[PDB]
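Counting starts at 1 for both ligands and their atoms, in listed order. Throughout, a chain's letter reflects where its sequence line sits, starting with A, and its residues are numbered from 1.
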There are 2 protein chains.
Amino acid sequence: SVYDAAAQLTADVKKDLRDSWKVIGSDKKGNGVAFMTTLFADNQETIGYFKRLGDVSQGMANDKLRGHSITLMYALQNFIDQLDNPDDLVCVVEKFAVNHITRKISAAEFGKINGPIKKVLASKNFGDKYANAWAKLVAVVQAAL
Amino acid sequence: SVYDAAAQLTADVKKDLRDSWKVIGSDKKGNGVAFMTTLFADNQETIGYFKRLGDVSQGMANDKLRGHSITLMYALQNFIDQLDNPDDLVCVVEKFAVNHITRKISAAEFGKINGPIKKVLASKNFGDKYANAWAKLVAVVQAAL
Ligand code: HEM
Ligand code: HEM
């Protein structure tokens with residue numbers, strides 16, 4: 001249940017998401033592409049889903065991948081801004097879920113993004129505490145898949 | 001080319017776009033929905049395109065329509081943030097273009113959003129000069145359709 005999942009976003013979890021997002025969200029292009037390339041490096045089996053992007057191994061040099069990556073960061077930006085209103089958070093999460101449901105992405109495969117996020121945050125000096133806070137936000141989307 | 005359409009946006013147009021977005025972009029849920037409802041009111045022929053959203057006459061109460069409207073405002077947020085780097089603006093513009101190209105939305109039909117934007121801007125006291133600025137940004141997307 002997406003509503004129960006959303007209820008998991010307590011005061012301290014929301015604070016950690018905001019604090020960390022201030023840093024990660026400052027460089028959407030850089031951190032967005034980092035999220036994606038790490039995903040393709042740690043989970044090669046997911047690469048097939050991104051056929052439209054072309055050769056994802058080109059990383060930042062791939063215009064389609066860059067455009068996709070930036071936009072992805074704005075989806076996360078959207079979530080952060082809706083944290084105060086669970087009713088609004090839920091409707092945007094369900095909107096993005098559809099984008100993935102139509103691409104045949106399960107909750108399990110969607111969860112594979114947790115690995116990249118934890119790594120990127122770690123390189124930014126943000127540990128498990130923050131990695132776990134983000135896992136909860138991700139869990140909200142997984143509940144709609 | 002889209003690059004030609006983008007690389008031509010001037011400092012004065014970027015200035016007006018940013019000043020107006022400061023206000024319009026501060027209430028993404030309200031202004032986003034206003035954009036959509038005004039479109040349906042003045043261009044009823046477009047309603048059929050949004051069947052996934054269900055009964056769009058429900059307005060704000062329609063969770064699907066609300067989720068779509070908020071997200072659309074972030075697409076614009078994206079555009080606004082990439083104004084000083086045509087290279088990034090182009091890759092994101094082309095990304096959103098595909099979303100519409102897939103729905104068979106022509107450059108002419110996409111331009112229908114100009115009316116709603118003009119009216120919403122006006123409700124906030126941003127005149128024709130500001131409406132023309134936005135028409136120029138919309139044209140960047142049109143160059144890609
Ligand atoms: C933090 C997690 C994630 C977020 C916020 C996110 C966000 C997005 C956004 C905004 C889009 C564009 C939607 C559209 O225009 O159709 C997208 C597309 C896509 N996503 Fe995700 N995504 C995430 C994780 C994943 C994961 C882990 C997978 C699969 C293992 C996945 C697979 C896809 C696919 C297949 C597309 C279509 C790409 C294309 O062909 O253009 N996403 N995602
Ligand atoms: C200010 C210009 C506009 C922006 C920024 C914009 C943005 C968006 C975004 C972000 C989506 C979601 C893409 C996805 O997840 O697949 C979308 C969907 C769509 N847009 Fe636009 N759009 C604009 C104008 C228009 C206009 C004028 C039309 C039609 C004349 C149009 C028709 C559609 C349709 C049919 C969809 C699919 C809706 C659905 O089934 O979920 N858009 N748009």
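- Atom 4 (C) of ligand 1 has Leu72(A) CG, 4.1 Å as its closest protein atom, hydrogens excluded (heavy atom only).
- Here CD1 of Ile117(A) is found 6.5 Å from CG of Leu76(A). Values are rounded to the nearest 0.5 Å.
- Checking only distances, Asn99(A) does come within under 3.5 Å of ligand 2, N or O to N or O.
- Taking a 4.0 Å cut-off on heavy atoms, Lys51(A) fails to register as neighbouring ligand 1.
- Taking a cut-off of under 4.0 Å to the non-hydrogen atoms of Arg103(A), the atoms of ligand 1 that pass are 14 (C), 16 (O), 35 (C), 37 (C).
- We find the CG-CG distance between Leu89(B) and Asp81(B) to be 10.5 Å, quoted to the nearest 0.5 Å.
- Between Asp87(B) and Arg66(A), the closest heavy-atom pair is O-NH2, 3.5 Å.
- A donor-acceptor pair is defined here as one N or O able to donate and one able to accept, closer than 3.5 Å; such a pair exists between the side chain of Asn62(B) and the backbone of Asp55(B).
- Residue-ligand proximity, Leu76(A) to ligand 1, at heavy-atom distances under 4.0 Å covers atoms 1 (C), 5 (C).
- Residue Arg52(B) has at least one nitrogen or oxygen atom sitting less than 3.5 Å from a nitrogen or oxygen atom of ligand 2, judged on distance alone.
- Considering backbone and side-chain N/O of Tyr49(B), none are found under 3.5 Å from N/O of ligand 2.
- At least one heavy atom of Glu109(B) sits closer than 4.0 Å to an atom of ligand 2.
- The aromatic rings of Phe50(A) and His68(A) lie perpendicular to each other, with more than 60° between the two planes, well past the 30° mark.
- Nearest protein heavy-atom neighbour of atom 31 (C) of ligand 1: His100(A) CD2, 3.5 Å.
- Scanning all protein heavy atoms for the shortest distance to atom 1 (C) of ligand 2 gives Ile113(B) CG1, 3.6 Å.
- Put simply, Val92(B) and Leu72(A) are part of two different groups of oily side chains (I, L, V, M, F, W, Y) that touch within less than 4.5 Å, one to the next.
- No side-chain heavy atom of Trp21(B) sits less than 4.5 Å from a side-chain heavy atom of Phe126(B).
- If you chain together hydrophobic residues whose side chains sit under 4.5 Å apart, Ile70(B) and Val93(A) fall into the same group.
- Under a 4.0 Å heavy-atom criterion, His68(A) is in contact with ligand 1.
- Closest to atom 12 (C) of ligand 2 among all protein heavy atoms lies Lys95(A) NZ, 3.6 Å.
- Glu109(A) and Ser106(A) share no side-chain donor-acceptor pair at under 3.5 Å.
- Protein heavy atom closest to atom 36 (C) of ligand 1, with residue, atom name and distance, is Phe50(A) CE2, 4.1 Å.
- When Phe110(A), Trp134(A), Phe96(A) are checked for heavy-atom proximity to atom 23 (C) of ligand 1, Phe110(A) turns out nearest.
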